[PDB]
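K.L.:
Once you've seen the sequence and the experimental structure below, I've got questions.
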Amino acid sequence: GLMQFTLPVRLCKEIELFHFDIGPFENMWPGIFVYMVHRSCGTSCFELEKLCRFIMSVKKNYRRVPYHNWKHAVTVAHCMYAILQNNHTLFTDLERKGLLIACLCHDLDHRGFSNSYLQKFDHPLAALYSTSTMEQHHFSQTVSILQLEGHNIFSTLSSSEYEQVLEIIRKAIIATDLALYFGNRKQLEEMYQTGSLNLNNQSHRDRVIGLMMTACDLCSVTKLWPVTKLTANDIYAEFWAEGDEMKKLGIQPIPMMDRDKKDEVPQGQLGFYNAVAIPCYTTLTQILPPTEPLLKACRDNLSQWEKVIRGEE
Ligand SMILES: Cc1cccc(Nc2ncc(-c3cccnc3)c3cccnc23)n1
Ligand SMILES: [Mg+2]
Ligand SMILES: [Zn+2]
């Protein structure tokens with residue numbers, strides 16, 4: 001009950017900042033997550049015994065893939081923590097509980113392959129879930145772990161509160177399907193500009209939470225350049241493996257996934273920042289002004305990729 005998690009001074013301070021890197025010490029990541037839950041939600045919103053058992057079962061169900069791994073899970077949860085802490089009064093108690101857990105669970109049992117590859121392979125999951133294939137699987141895996149004995153961290157919620165939080169988690173995880181992001185941001189952009197955006201409108205909150213999930217999911221583009229540059233390697237290690245597997249199915253992959261077209265990565269990143277990341281954090285900053293540091297860091301990284309192209313690194 002009176003058991004706080006405390007971090008070393010440097011982590012205690014830097015964890016509050018959007019550009020925090022959770023570090024290479026895997027065994028500190030569970031504690032970093034509990035620290036964030038306690039400060040974001042309260043020392044009381046989860047039974048520590050059940051939370052710790054939930055965290056370790058979630059960890060076990062992430063795979064040893066270069067990017068879509070346990071470190072990504074905790075990194076995405078931290079970005080959500082920074083958004084929630086900088087927008088204290090805008091989110092309900094249930095939302096704060098739901099979203100940190102949604103972020104931790106959002107890529108559960110990822111194999112390092114896109115929805116497109118599953119469909120072209122004809123993976124069983126592509127028959128079970130025709131769209132947002134991996135994302136429906138991630139939510140399914142979340143519910144499965146919540147239903148392990150001693151793993152239901154929501155046990156002390158009322159029946160209606162329980163249905164609400166599982167609904168928040170389901171929408172949040174589905175929203176991490178980047179195919180759904182483009183239309184979601186366009187709608188949010190229209191609503192902000194015409195002035196129809198209303199956070200008391202549940203369908204509008206859903207859209208804003210969706211964008212927050214995209215923003216947290218892409219947050220490797222909001223780190224200091226050395227973190228962004230080195231994480232880029234990990235995402236491209238997966239892309240190139242998927243490209244190899246496309247060639248094994250007799251299909252030329254998109255250049256992004258072709259390890260023979262490694263030369264084209266810098267220009268591929270410009271496209272990604274301009275088409276996905278910058279628009280995402282711009283719309284997020286308009287809706288939630290205190291998330292501006294994510295947009296600023298993203299612009300800095302765009303400028304670093306421009307310097308790579310100009311041979312200045
Ligand atoms: C349209 C297009 C072209 C090329 C690439 C791309 N996808 C991504 N590229 C890079 C990152 C990334 C990760 C970590 C650090 N820095 C960058 C990333 C992260 C998440 C999802 N997608 C991507 N999309
Ligand atoms: Mg995902
Ligand atoms: Zn993710």
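P.N.:
That came through fine. Numbering: from 1, shown residues only. Ligands and ions are numbered 1, 2, ... in the order given.

K.L.:
Tell me the helix or strand right after whichever strand or helix holds residue 143.
P.N.:
Under the criterion of DSSP states H and E, residue 143 resides in helix 133-146. Downstream of helix 133-146, the first helix or strand assigned by DSSP H and E is helix 159-175.

K.L.:
Buried ones in the very next helix or strand once past that following helix, by neighbour count?
P.N.:
Sequence order places helix 178-194 as the next helix or strand after helix 159-175, per DSSP H and E. Burial within helix 178-194, assessed by neighbour count using 16 or more other Cβ atoms under 10 Å, is assigned to 178, 180, 181, 184, 185, 187, 188, 189, 191. In short, each C-beta sits where N, CA and C put it, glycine included.

K.L.:
How are the helices of the stretch 201-313 of the chain distributed by residue range?
P.N.:
Ranges of helices in the stretch 201-313 of the chain, per DSSP state H, counting those that start in this stretch, are 202-217, 225-248, 265-272, 278-287, 292-309.

K.L.:
The fourth one packs against which elements?
P.N.:
Packed against helix 278-287 by the contact rule (3 or more Cβ pairs under 8 Å, 6 or more residues apart in numbering; DSSP states H and E) you find helix 178-194, helix 202-217, helix 292-309.

K.L.:
Can I get the helices of the stretch 201-313 of the chain in CSV including distance to ligand 3?
P.N.:
Putting the helices of the stretch 201-313 of the chain into CSV (distance: least, Cβ to the ion, whole Å) gives the following:
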stretch, distance to ligand 3
helix 202-217, 4
helix 225-248, 10
helix 265-272, 15
helix 278-287, 13
helix 292-309, 16
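
K.L.:
For this protein, what lies in contact range of ligand 2?
P.N.:
Contact residues (Cβ under 5 Å from the ion) of the chain with ligand 2: 107, 176.

K.L.:
Can you pull up the most central residue in the chain?
P.N.:
The geometric centre of the chain, computed from its C-alpha atoms, lies nearest to residue 217 (Cα atoms, centre = their mean), at 2.6 Å.

K.L.:
Contacts only, for it.
P.N.:
76, 106, 176, 178 (Cβ atoms under 8 Å, 6 or more residues apart in numbering).

K.L.:
Make sure the third one is actually in contact with residue 215.
P.N.:
To tie it back to what came earlier, the one meant is residue 176. No - applying Cβ atoms under 8 Å, one finds residue 176 not in contact with residue 215, separated by 10.6 Å.

K.L.:
more neighbours, these two?
P.N.:
residue 215 (28 against 24; other Cβ atoms under 10 Å).

K.L.:
Now that one. Nearest residue, chain neighbours left out?
P.N.:
Counting by Cβ to Cβ, 6 or more residues apart in numbering, the nearest residue to residue 215 once its immediate chain neighbours are dropped is residue 284, at 4.9 Å.

K.L.:
what's near enough to touch the one you found?
P.N.:
211, 212, 215, 291, 294, 295.

K.L.:
And the contacts of residue 217, which is closest to residue 265?
P.N.:
Closest approach between the contacts of residue 217 and residue 265, by Cβ to Cβ: residue 178, at 18.3 Å.

K.L.:
Reformat the helices and strands packed on helix 278-287 as CSV; add distance to residue 154.
P.N.:
CSV is the format used below for the helices and strands packed on helix 278-287 (distance: least, Cβ to Cβ, whole Å):
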stretch, distance to residue 154
helix 178-194, 25
helix 202-217, 18
helix 292-309, 29
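
K.L.:
just so I know, which of the ones you listed lies nearest residue 231?
P.N.:
It's helix 292-309; of these, that one is closest to residue 231 (Cβ to Cβ) at 10.5 Å.

K.L.:
How many residues are close by the closest residue to ligand 1 within the chain?
P.N.:
In the chain, the residue that lies nearest ligand 1 is residue 220 (3.2 Å; Cβ to the nearest ligand atom). When counting by other Cβ under 10 Å, one arrives at 21 neighbours for residue 220.

K.L.:
quick one, what contacts the residue nearest to it when sequence neighbours are not counted?
P.N.:
In this structure, residue 220 finds its nearest non-sequential neighbour in residue 231, 4.3 Å apart by Cβ to Cβ, 6+ apart. For residue 231, the contacting residues are 67, 220, 223, by Cβ under 8 Å, 6+ apart.

K.L.:
Redo these as TSV? Include distance to residue 26.
P.N.:
Formatted as TSV, the contacts of residue 231 follow (distance: Cβ to Cβ, whole Å):
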residue	distance to residue 26
67	15
220	18
223	18
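
K.L.:
Out of these, which comes closest to ligand 2?
P.N.:
Of all these, residue 67 has the smallest distance to ligand 2: 10.1 Å, by Cβ to the ion.
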